[PDB]
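Just one chain is shown here, as structure tokens, and it is the form deposited in one PDB entry.
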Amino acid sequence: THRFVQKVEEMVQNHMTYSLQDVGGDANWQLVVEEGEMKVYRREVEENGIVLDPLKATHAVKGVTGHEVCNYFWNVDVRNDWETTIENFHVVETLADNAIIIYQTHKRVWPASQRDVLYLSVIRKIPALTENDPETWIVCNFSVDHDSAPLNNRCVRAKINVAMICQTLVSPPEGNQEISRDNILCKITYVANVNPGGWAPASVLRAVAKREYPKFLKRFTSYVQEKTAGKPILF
């Protein structure tokens, strides 16, 4: 259907295989911030003195479904309502109704150069592995090469591999009666592997990650709750 179908499959399947694992029991992940059910972990990793620190967070959001969370995360039309670190954004290519390529710039983090990013953003539903397991909605955003990448001399090109992975638990329907948002919970695993693509001071990037990832998860999840309240559920 498009030239990135196989790459998309590999990237999604890699998150399904490796990103969903629990890390509460795993001393190799450092728990850096906890705010209720929001648990943010990282590993301290540098390659050539540049911070790569894999980030992984879990959260549990009442009253929204994974399909809703993923749609709001993927939909570029609502990006401005919840993003706080983007300066500019351009849709570079549409590949499918569920997959686009995006160019964006982030606000400068002093004293490093501003960063830009060029990535494929795809939204997929993954069927239950067995009839015991939940279905998964996943958004994966991962860097790719493209010819219609802008010249932007202020920016160093970062590379990313991010996934927002959601499983939704509900009270079953009681005969002919809908499920209430009161009885729905969206379990989130969010992972972010960012390569700043060049020099940046490690302590500054680590301090920024520690602040901004929790702020993002809080703001974004609250936004989804706020926008879906009193609207019919989209499972």
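Here, rigid core means the biggest group of C-alpha atoms that superpose within 1.5 Å across both forms. Residues carry their position along the shown sequence, with the first being 1.
The form deposited in another entry exists for this protein as well; it is not shown, and the discussion that follows is about that form.
Looking at CA displacements between this form and the one not shown with the core superposed, a shift of 2 Å or more is confined, among 44, 34, 174, 182, to 174. With the core held fixed, the Cα of residue 152 is displaced between this form and the one not shown by 2 Å or more. Core-superposed comparison between this form and the one not shown: the CA of residue 109 exceeds or equals a 2 Å shift.
Put simply, residue 151 and residue 161 come closer in the other entry: their C-alpha atoms are 3 Å or more nearer than in the form shown. Figure legend: C-alpha atoms of residue 35 and residue 110, shown here, are separated by at least 3 angstroms less in the other entry.
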